[PDB]
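What follows is one structure encoded as structure tokens, with my remarks underneath.
Below, all heavy atoms of this structure are taken into account, side chains as well, without hydrogens, waters or symmetry copies. Below, read A as the first sequence line, B as the second, and so on, with proteins coming before strands; counting in each chain starts at 1.
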Amino acid sequence: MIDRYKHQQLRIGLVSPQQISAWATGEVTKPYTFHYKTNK
Amino acid sequence: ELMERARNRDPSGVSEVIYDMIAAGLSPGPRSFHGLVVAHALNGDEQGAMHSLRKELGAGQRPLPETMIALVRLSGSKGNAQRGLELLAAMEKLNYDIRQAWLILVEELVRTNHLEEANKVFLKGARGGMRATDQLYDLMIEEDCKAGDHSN
Amino acid sequence: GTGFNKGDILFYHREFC
Amino acid sequence: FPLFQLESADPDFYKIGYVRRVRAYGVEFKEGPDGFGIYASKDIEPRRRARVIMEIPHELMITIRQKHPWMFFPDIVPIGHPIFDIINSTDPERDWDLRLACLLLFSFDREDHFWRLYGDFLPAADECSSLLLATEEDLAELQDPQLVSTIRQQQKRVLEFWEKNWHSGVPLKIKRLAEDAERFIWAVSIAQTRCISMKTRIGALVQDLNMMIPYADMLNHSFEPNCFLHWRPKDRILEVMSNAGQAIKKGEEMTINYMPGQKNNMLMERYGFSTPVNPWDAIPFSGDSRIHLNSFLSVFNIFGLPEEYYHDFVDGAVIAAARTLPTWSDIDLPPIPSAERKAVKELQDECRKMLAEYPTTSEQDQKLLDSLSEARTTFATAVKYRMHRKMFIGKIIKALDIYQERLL
Ligand SMILES: Nc1ncnc2c1ncn2[C@@H]1O[C@H](CSCC[C@H](N)C(=O)O)[C@@H](O)[C@H]1O
């Protein structure tokens with residue numbers, strides 16, 4: 001019997017600023033959440 | 001005389017003998033036509049062999065298993081995997097055991113260095129419920145791993 | 001459990017008769 | 001409208017099994033002049049998989065380990081019994097039948113053992129076909145010095161073992177097992193003629209066993225059988241399974257392959273019988289005259305590899321001929337008929353010389369069998385063996401003739 005091989009992995013890791021930009025690319029610049037009047 | 005002419009790689013002479021039988025009133029059976037097919041196949045002539053098989057089917061005679069074995073061996077030697085598969089399907093339609101022809105085709109395709117088509121034919125046969133010999137299994141595994149083909 | 005171990009010749013060639 | 005429009009076996013034979021969880025499905029036991037047999041009591045419809053025919057529980061068997069050390073399953077021999085000492089002194093390789101005979105005698109002496117009752121349906125000394133019970137007169141009719149010498153060696157070995165282990169000073173519990181030699185000879189004959197070897201798993205232990213299985217030795221031998229034995233380890237049951245997708249008609253005999261790839265001589269040595277359609281029989285040819293294997297196979301429609309010849313007049317005799325006839329092969333080289341006719345003529349001459357070597361013929365042997373009224377079973381067995389060899393040679397001749405006929 002040859003085992004039905006399954007090679008699956010997941011790895012955590014410390015992230016780089018370039019990968020953060022690649023995630024965003026997209027920068028949040030203002031602290032406003034929603035419009036008080038138009039709710040937009 | 002026809003089998004003689006087939007043994008000296010003379011398909012034209014076999015055709016002369018067949019026409020002599022036609023003139024003499026002797027109906028050409030599967031044996032004489034099989035000699036014609038073997039004569040065509042011996043000197044690496046695939047088109048002539050398939051023409052002889054077409055003469056088979058037109059003449060109304062049932063081709064012998066040896067004729068189909070020779071045709072599949074010729075196709076494997078030339079690397080014509082699809083032609084070999086068509087011949088195997090024709091063998092199946094004629095109520096014949098295609099295991100030996102399948103093994104011969106796979107081995108010929110391996111020998112001529114057509115490992116891709118040999119692998120495809122072998123996998124088709126194996127998934128079709130057909131069982132190969134131990135030597136063929138070992139040869140396929142070793143050749144595929146030597147070529148770096150782990151998937152096959 | 002159940003997840004262990006990953007769970008045409010001979011045609012157009014008939015006798016003319 | 002309904003108004004306008006071989007014998008059955010002893011019912012107790014199946015009843016003693018039935019009350020002990022033996023089940024037979026779709027088959028009935030029948031008895032004839034030759035002996036017991038299993039036949040389909042109705043029409044067995046071919047299903048997708050193999051069908052269960054019989055089920056024999058493990059506790060009703062007499063099994064011994066095929067390899068050292070000797071352990072019995074189920075363990076019927078008590079600790080310290082001298083029968084274990086008798087068994088343990090046997091040769092591990094060739095003395096397997098002696099151990100089974102000792103176990104059979106011990107079981108026959110046991111009051112609560114099942115085989116005390118089942119042993120009454122075993123063939124007697126005058127009904128068993130084993131050659132160990134054959135005298136010198138019966139052996140003289142085998143017309144084969146090799147088989148005769150082998151049988152003499154077997155008989156000498158059995159009698160030497162009995163004399164060595166059943167002398168005057170043995171305890172009463174051992175002397176009553178076999179008071180005199182022919183009883184032990186019959187025990188060895190039964191063991192040889194009915195032992196079944198298999199690789200069985202019991203619990204977590206996997207091992208090979210020599211097994212005396214009741215109701216499964218009832219099946220007759222065939223080289224093209226419709227049934228096979230499968231061991232079920234979860235409940236420790238031996239299954240008799242009909243082949244998957246193979247229809248069986250009412251009254252068709254249930255047969256299993258006693259041993260594959262064995263010629264008629266070894267069958268006669270072990271089970272004391274031979275068959276005329278043995279596809280493994282060998283005829284020693286000179287090898288000077290040879291025919292074309294491919295043409296011979298194609299004419300008779302014999303396909304498959306040399307170890308799996310099968311047919312789509314043609315029977316196991318033709319397959320045996322193809323396996324034993326001198327043959328030549330050159331991939332795709334056709335045979336010219338002229339040399340084939342001469343080759344088959346030479347082979348037919350050799351076969352006729354072999355037939356002339358025999359003092360008598362096969363038809364006269366059949367007539368002698370039909371006129372036979374005061375002969376033992378081994379006498380008819382030897383006559384049938386030599387007649388079957390004669391018919392095999394004759395079938396070879398006829399097959400060669402028809403093959404040379406259909407070569408054009
Ligand atoms: N195909 C066959 N033709 C004739 N005898 C056979 C046979 N297959 C088996 N036998 C005989 O049956 C014995 C196996 S035990 C089979 C049942 C036995 N005939 C009985 O009546 O008890 C062997 O000794 C063998 O001689």
How about B/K120: does its NZ atom have over 12 heavy atoms from other parts shown lying under 6.0 Å from it? yes
Separation between CG (B/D97) and CG (D/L305), nearest 0.5 Å, reads 9.0 Å
Report, as yes or no, whether the 6.0 Å neighbourhood of atom CZ on D/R201 holds more than 12 heavy atoms from other residues, nucleotides or ligands. yes
Tell me if the CG atom of D/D312 is crowded by more than 12 foreign heavy atoms within 6.0 Å. yes
For atom CD of B/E1, decide whether the heavy atoms of other residues, nucleotides or ligands shown that lie under 6.0 angstrom number more than 12. yes
Minimum heavy-atom separation for B/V38 to D/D332, with atom names? CG1-O, 3.4 Å
For D/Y310, does the OH atom have more than 12 heavy-atom neighbours from other residues, nucleotides or ligands under 6.0 Å away? yes
Counting only non-hydrogen atoms closer than 4.5 Å, does B/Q100 touch chain D with its backbone (N, CA, C, O), its side chain (CB onward), both, or neither? side chain
Before accepting this row, confirm whether a basic side-chain N of the pair B/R131/D/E308 lies closer than 4.0 Å to the acidic partner's carboxylate O. no
Verify the neighbour count for atom NZ of D/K398: are there more than 12 heavy atoms of other residues, nucleotides or ligands below 6.0 Å? yes
Is D/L333 close to chain B through its backbone or its side chain, or both, or neither, when contacts mean heavy atoms under 4.5 Å? side chain
Determine the minimum heavy-atom distance between B/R31 and D/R406, stating which atoms define it. NH2-O, 3.9 Å
Are more than 12 heavy atoms from other residues, nucleotides or ligands located less than 6.0 Å from atom NZ of D/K249? no
Against chain D, label B/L103 side chain, backbone, both or neither, depending on which of its atoms sit under 4.5 Å from a heavy atom there. side chain
CG of B/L42 to CD1 of D/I331: how many Å apart, nearest 0.5 Å? 9.0 Å
Answer yes or no: is there a donor N or O on one side and an acceptor on the other, between the side chain of B/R7 and the main chain of D/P334, under 3.5 Å? yes
With a 4.5 Å limit on heavy-atom distance, are the side chains of B/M3 and D/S338 in contact? no
